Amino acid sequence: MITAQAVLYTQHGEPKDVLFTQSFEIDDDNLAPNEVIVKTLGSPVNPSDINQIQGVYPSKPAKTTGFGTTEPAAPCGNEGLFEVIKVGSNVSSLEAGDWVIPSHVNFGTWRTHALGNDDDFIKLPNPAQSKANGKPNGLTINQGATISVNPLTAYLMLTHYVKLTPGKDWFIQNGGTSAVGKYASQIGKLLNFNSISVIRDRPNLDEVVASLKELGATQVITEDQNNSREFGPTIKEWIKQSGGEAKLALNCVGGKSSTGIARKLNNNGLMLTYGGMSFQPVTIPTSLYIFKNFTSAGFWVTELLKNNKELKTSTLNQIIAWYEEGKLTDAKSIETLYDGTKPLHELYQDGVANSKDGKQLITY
C-alpha cells in the first residue's frame, strides 16, 4: 500500500481560500490487469489550473469521494510528469521506471501518486533511455512536466493552419516572452520561418531582445512600436526584403496589441487567438476584414487534439526529438520540492501567488 497526498477543494474559489491536502491510499498489491501506478515527478501551475479551481474554466475534473475525503472534492492540475512504479498483469506498453504524462485533461496532477489504466498515459523517454540510445540529451523533469501543452500549442499554430514558405514568409506574435512565444520563436528558427515578436517594454529591454533573437525571433519590437503607424514602412520593408509575406498572427493579448499585429499581415492573413489578457477583447479594424481578406479564428490545443491522437502523437514526437537533440529549450521554472515538511497544497498556493516571478513547478 502506498500513502499518497493530493491537493483538493470542495468548493470553487481562489486557490488561497479553498485548497487543502488530503492523504489517500493506493493498493499496489491489488492492481487490475490493465492498471498502472505512477509517482509524480513534477507538475506546474498553469493559468487554466487556477481557472478550474476558481470555477471559471469550461472543462473541470468531476468531484468525488475517491480520495476518501469527508465531502465531495475535486483534484487540481492538468499537466505533469509521472514515473511508472508498477503495472498490472496485462500491461505491456509501460514498465516500471518509464516516464509518462496524462493522455487526457482533468487528470489531477497536483498530487504525489496516481492509479490509472495504461491508456490514461502517454510515454516519454526517460533520461536513462535517451542516454542509452545514444542521444546527446535526455529530457529534464521540467521539460517532461511541461511538454503537453505549450510546445505543442506553438508547433501546431505554426504548422497546422497556413503553410509558411521557408526563408521567406513571416508570422507575427504578441506575448513574445511567454512560454508559447519562446517556443514559437525556436520552432520558427528550426523550420526557417521569419518572425516578428511583439513584447511589452521593460527595464531590461535590450537583454530580452537579444535573448529572443537568440531563440529565433527575426525581429523584436515593443508594444509602443506595434502601436506606431509611422513604423509601418519599416515592417513592410523587412517583409519585402525576404520576398515573402506576413501570413499568420498569433494573439494572446487582445486589445490594441491584437489590432497592431493584425495590421501588419499581408492580404489573406490569418490570426489565431490562443490566450487573452484579462478582459481585453480581440479588436480588429473593419477595413482589414473587408479589404485585406483577413480572418480571425481561435486555437485551443485541447479541442484540436481531442479526436486526433495521430496529430498529437506526431507533434509530441517532434518536440521530444528536438529536446533529445538539444535543439529546443524550455524557460526555467522556479522549482519547489515537496519533502513533507510543508503541506503540499501550500506549495501550490505559494506557486499560484508567485506566478509573476516565473513558471512554478512543484517537484517530488
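For every residue, the number given is its place in the sequence shown, counted from 1.
Between 70-78 and 131-139, the higher mean Cα B-factor belongs to 70-78. Averaged over their C-alpha atoms, the temperature factors of 305-313 and 34-42 are higher for 305-313.
The PDB entry assigns the greatest CA B-factor among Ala217, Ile147, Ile290, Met277 to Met277. For the set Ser89, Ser195, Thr259, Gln225, the PDB entry assigns the largest Cα B-factor to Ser89.
Ranked by C-alpha B-factor against the other modelled residues of its chain, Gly167 falls in the middle third. In the PDB entry, a CA B factor belonging to the lowest third of its chain's modelled residues is recorded for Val282. In the deposited entry, the Cα temperature factor of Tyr57 places it in the highest third of its chain's modelled residues. In the PDB entry, a CA B factor belonging to the lowest third of its chain's modelled residues is recorded for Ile319. In the deposited entry, the Cα temperature factor of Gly176 sits in the bottom third of values across the chain's modelled residues.
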